[PDB]
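A short write-up of the structure that comes next.
Proteins get letters first, then strands, A, B, ... in listed order; numbering begins at 1 in each.
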Amino acid sequence: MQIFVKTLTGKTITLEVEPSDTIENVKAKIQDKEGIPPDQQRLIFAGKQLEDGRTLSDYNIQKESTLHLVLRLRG
Amino acid sequence: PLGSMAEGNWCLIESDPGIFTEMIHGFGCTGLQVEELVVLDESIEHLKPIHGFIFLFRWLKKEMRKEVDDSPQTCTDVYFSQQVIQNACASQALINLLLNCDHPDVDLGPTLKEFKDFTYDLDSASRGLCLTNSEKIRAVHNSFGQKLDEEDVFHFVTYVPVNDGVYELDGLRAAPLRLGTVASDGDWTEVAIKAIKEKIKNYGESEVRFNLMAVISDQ
Ligand SMILES: *NC[C@H](*)CC(=O)OC
Ligand code: NA
């Protein structure tokens with residue numbers, strides 16, 4: 001299924017995922033597209049920061065859901 | 001040359017609003033918290049009054065060629081400390097923000113108050129060395145924890161309104177950058193958000209490594 005991950009600057013990253021994918025698997029896919037390591041990523045759905053060991057379905061994330069990605073970068 | 005007298009190492013700080021909140025408290029200041037903007041133009045009426053923004057971006061050498069203001073208000077109105085070492089940027093950005101607050105919800109606390117009182121009439125570069133060598137400030141900073149030339153360093157800067165102007169406080173510079181005049185009935189945040197969008201145009205549409213936070217009254 002497709003999900004959309006939006007960013008601060010308005011970019012949209014589309015991902016092909018399974019409902020049983022973990023958050024960590026999702027972060028890995030984003031690293032494949034965008035080159036950001038999972039440790040620098042926080043994913044947000046409905047205002048909740050999503051934890052690595054849980055699955056999309058635990059969060060009620062469905063076909064064509066939209067999430068946001070915020071960055072945790074050491075400055 | 002001033003960096004030669006800088007003592008101790010400073011860690012890098014993750015762009016996390018919980019951490020910047022705890023740093024404000026660790027410095028002794030009360031009344032404020034830090035909230036992350038998830039999208040650059042998201043609705044922020046519920047955040048107001050916003051006391052300042054903290055913006056993180058990957059520093060590009062073209063920043064050196066930025067044209068800056070020669071406005072008199074930059075000299076007369078704004079507190080500014082210039083960095084003497086690179087890794088202090090998170091604390092330097094935050095203290096540049098806080099030392100420009102005058103607001104009934106803000107209490108700097110005795111540490112930052114006396115620091116401001118001591119450094120207020122010093123040159124910005126000396127203000128910076130004083131910050132860098134403060135064991136109290138360095139301790140708080142490090143408890144939460146790279147060549148510019150290679151453009152792989154993430155930098156923290158601060159946006160703050162002072163009087164009728166809005167300022168970008170970037171501690172690599174020798175002075176604040178006055179971005180423009182707000183109001184009398186305008187919204188200062190629009191001037192800051194415009195500047196942040198202008199900086200973002202320095203990059204390709206495939207740069208996504210940014211973070212934006214608002215320093216707001218605690219809730
Ligand atoms: N992230 C530590 C501070 C970085 C810096 O000063 O970049 C210019
Ligand atoms: Na106050």
Practice prompt. Answer yes or no: is there a side-chain heavy-atom contact under 4.5 Å between B/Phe20 and B/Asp16?
Written response: no
Fill in: Side-chain H-bond candidate by donor/acceptor type, B/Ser81 with B/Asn96, under 3.5 Å
yes
Response to the item:
On a heavy-atom basis, the closest approach of B/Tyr79 and B/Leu169 is O-CD1, 4.3 Å
Worksheet item: Can you find a heavy atom in the side chain of A/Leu8 that is under 4.5 Å from one in the side chain of A/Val70?
Response: no
Discussion item. I want to check something: taking the side chain as every heavy atom from C-beta on, are A/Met1 and A/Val17 in contact at a cut-off of under 4.5 Å?
Written reply: yes
Worksheet entry | Enclosure of A/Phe4 CZ (heavy-atom neighbours >12, cutoff 6.0 Å) | yes
Item to complete: Output the distance between atom CD1 (B/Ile200) and atom CD1 (B/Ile196), rounded to the nearest 0.5 Å.
Response: 7.0 Å
Worksheet item: Just wondering, are more than 12 heavy atoms of other shown residues or ligands nearer than 6.0 Å to NZ in A/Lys48?
Response: no
Discussion item. Could you walk me through whether B/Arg178 and B/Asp164 satisfy the salt bridge (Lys or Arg N to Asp or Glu O under 4.0 Å) test, starting with their C-alpha distance in whole Å, then the side-chain angles of each, then the deciding distance to 0.1 Å, before giving a yes or no?
Written reply: CA-CA 10 Å; B/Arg178 191 173 190 276; B/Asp164 56 350; 3.7 Å; yes
Fill in: Shortest non-hydrogen contact between B/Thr132 and B/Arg138, atoms and distance
O-CD, 4.5 Å
Enumerate, atom names and distances included, each donor-acceptor pair closer than 3.5 Å involving a side-chain atom of residues 24-40 of chain B, sequence neighbours excluded.
from: B/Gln33; atom 1: OE1; to: B/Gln219; atom 2: N; distance (Å): 2.8
from: B/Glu36; atom 1: OE1; to: A/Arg72; atom 2: NH1; distance (Å): 3.3
from: B/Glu36; atom 1: OE1; to: A/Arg72; atom 2: NH2; distance (Å): 2.7
from: B/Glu36; atom 1: OE2; to: A/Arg72; atom 2: NH1; distance (Å): 2.8
from: B/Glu36; atom 1: OE2; to: B/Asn211; atom 2: ND2; distance (Å): 2.8

Practice prompt. Indicate yes or no: at least one non-hydrogen side-chain atom of B/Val157 is less than 4.5 angstrom from one of B/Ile54.
Written response: no
Practice prompt. Kindly say whether B/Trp10 contributes a backbone atom to a donor-acceptor pair with the side chain of B/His141 at under 3.5 angstrom?
Written response: no
Practice prompt. Give a yes or no on this: more than 12 heavy atoms of other residues, nucleotides or ligands lie within 6.0 Å of atom CD of B/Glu114.
Written response: no
Worksheet item: Between B/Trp188 and B/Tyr167, does the ring centroid distance fall short of 6.0 Å?
Response: no
Worksheet item: So, are B/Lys199 and B/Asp170 salt-bridged, with charged N and O less than 4.0 Å apart?
Response: no
Worksheet item: With distance as the sole criterion, is a donor-acceptor pair present between the side chains of B/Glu168 and B/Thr158 under 3.5 Å?
Response: no
Item to complete: Identify the heavy atoms of B/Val84 and B/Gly128 that sit nearest to each other, and give their distance.
Response: CG2-O, 4.1 Å
Worksheet item: If you draw the axis of the six-membered ring of B/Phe80, does the NZ or CZ of B/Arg173 fall within 45° of it and under 6.0 Å from the ring centre?
Response: no
Discussion item. Tell me if the NZ atom of A/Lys11 is crowded by more than 12 foreign heavy atoms within 6.0 Å.
Written reply: yes
Discussion item. Side chain to side chain donor-acceptor pair (under 3.5 Å), that's the test. Do A/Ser65 and A/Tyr59 meet it? Break it down for me.
Written reply: CA-CA 11 Å; A/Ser65 299; A/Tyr59 289 108; over 6 Å; no
Worksheet item: Are side-chain heavy atoms of B/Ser126 and B/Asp123 found at a separation under 4.5 Å?
Response: yes
Worksheet item: How many angstroms lie between atom NZ of B/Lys62 and atom CG of B/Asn202, to the nearest 0.5 angstrom?
Response: 4.5 Å
Item to complete: Nearest 0.5 Å please: distance from the CG atom of B/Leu129 over to the OG atom of B/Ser124.
Response: 13.0 Å
Discussion item. Would you compute the distance between atom CZ of A/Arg42 and atom OG of B/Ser15 and round it to the nearest 0.5 angstrom?
Written reply: 9.0 Å
Worksheet item: Are the side chain of B/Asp105 and the backbone N or O of B/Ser217 linked by a donor-acceptor pair below 3.5 Å?
Response: no
Discussion item. Can you confirm whether more than 12 heavy atoms, excluding those of B/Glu205, are under 6.0 Å from its CD atom?
Written reply: no
Worksheet, complete the sentence: Residues B/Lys116 and B/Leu108: closest non-hydrogen pair is CD-CD1, 4.4 Å
Worksheet entry | Pair A/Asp21-A/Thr55, side-chain donor/acceptor within less than 3.5 Å | no
Fill in: Distance-minimising heavy-atom pair for B/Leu179 and B/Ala195
CD1-CB, 3.7 Å
Worksheet item: So among B/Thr21, B/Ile50, B/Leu97, which one has a side chain to side chain contact (heavy atoms under 4.5 Å, CB included) with B/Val215?
Response: B/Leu97
Worksheet item: Mind checking what makes side chain to side chain contact (heavy atoms under 4.5 Å, CB included) contact with B/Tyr203, not counting sequence neighbours?
Response: B/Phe57, B/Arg58, B/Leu60, B/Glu207, B/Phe210
Worksheet item: Given side chains that start at C-beta, do those of B/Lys61 and B/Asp149 come closer than 4.5 Å, heavy atoms only?
Response: yes
Worksheet entry | ILVMFWY network linking B/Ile137 to B/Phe144, side-chain heavy atoms under 4.5 angstrom | yes
Worksheet item: Take atom CG in B/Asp70; do more than 12 heavy atoms of anything else shown fall under 6.0 Å from it?
Response: no
Discussion item. Which residues pass the side chain to side chain contact (heavy atoms under 4.5 Å, CB included) test with B/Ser184, not counting sequence neighbours?
Written reply: none
Worksheet entry | A/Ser57 and A/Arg54: CA distance, side-chain angles, deciding distance, side chain to side chain donor-acceptor pair (under 3.5 Å) verdict | CA-CA 8 Å; A/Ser57 290; A/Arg54 300 177 63 179; over 6 Å; no
Discussion item. Between B/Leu131 and B/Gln92, is there a side-chain heavy-atom distance shorter than 4.5 Å?
Written reply: yes
Worksheet item: Are B/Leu172 and B/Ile13 linked, directly or through other ILVMFWY residues, by side chains that come within less than 4.5 angstrom of each other?
Response: no
Fill in: Check: A/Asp39/A/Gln41 side-chain N/O donor and acceptor closer than 3.5 Å
no
Discussion item. Quick check: is B/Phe115 connected to B/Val106 through a chain of hydrophobic side chains (ILVMFWY, heavy atoms under 4.5 Å apart)?
Written reply: yes
Item to complete: Hey, could you give me the CG/CZ distance between B/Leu99 and B/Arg127, rounded to the nearest 0.5 Å?
Response: 9.5 Å
Discussion item. According to a hydrophobic-cluster definition based on side-chain heavy atoms being under 4.5 Å apart (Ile, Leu, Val, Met, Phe, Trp, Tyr only), do A/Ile30 and A/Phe45 belong together?
Written reply: yes
Fill in: Transitive ILVMFWY side-chain link B/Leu12 to B/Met213, under 4.5 Å
no
Worksheet item: Between B/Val78 and B/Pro176, which heavy-atom pair has the shortest distance, and what is it?
Response: CG1-CG, 3.6 Å
Discussion item. Using a 6.0 Å cut-off, check whether atom CG of B/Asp102 has over 12 heavy atoms from anything other than its own residue.
Written reply: no
Worksheet item: In terms of side-chain heavy atoms, does A/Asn25 have a donor or acceptor partner in A/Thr22 at a distance below 3.5 Å?
Response: yes
Fill in: A/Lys6 side chain reached by A/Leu67 side chain, heavy atoms, under 4.5 Å
no
Worksheet item: Between A/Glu24 and A/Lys27, is the closest basic N to carboxylate O distance under 4.0 Å?
Response: no
Item to complete: Would you please test B/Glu63 and B/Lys66 for salt bridge (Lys or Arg N to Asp or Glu O under 4.0 Å) and show each step?
Response: CA-CA 5 Å; B/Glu63 284 282 346; B/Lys66 179 80 170 161; over 6 Å; no
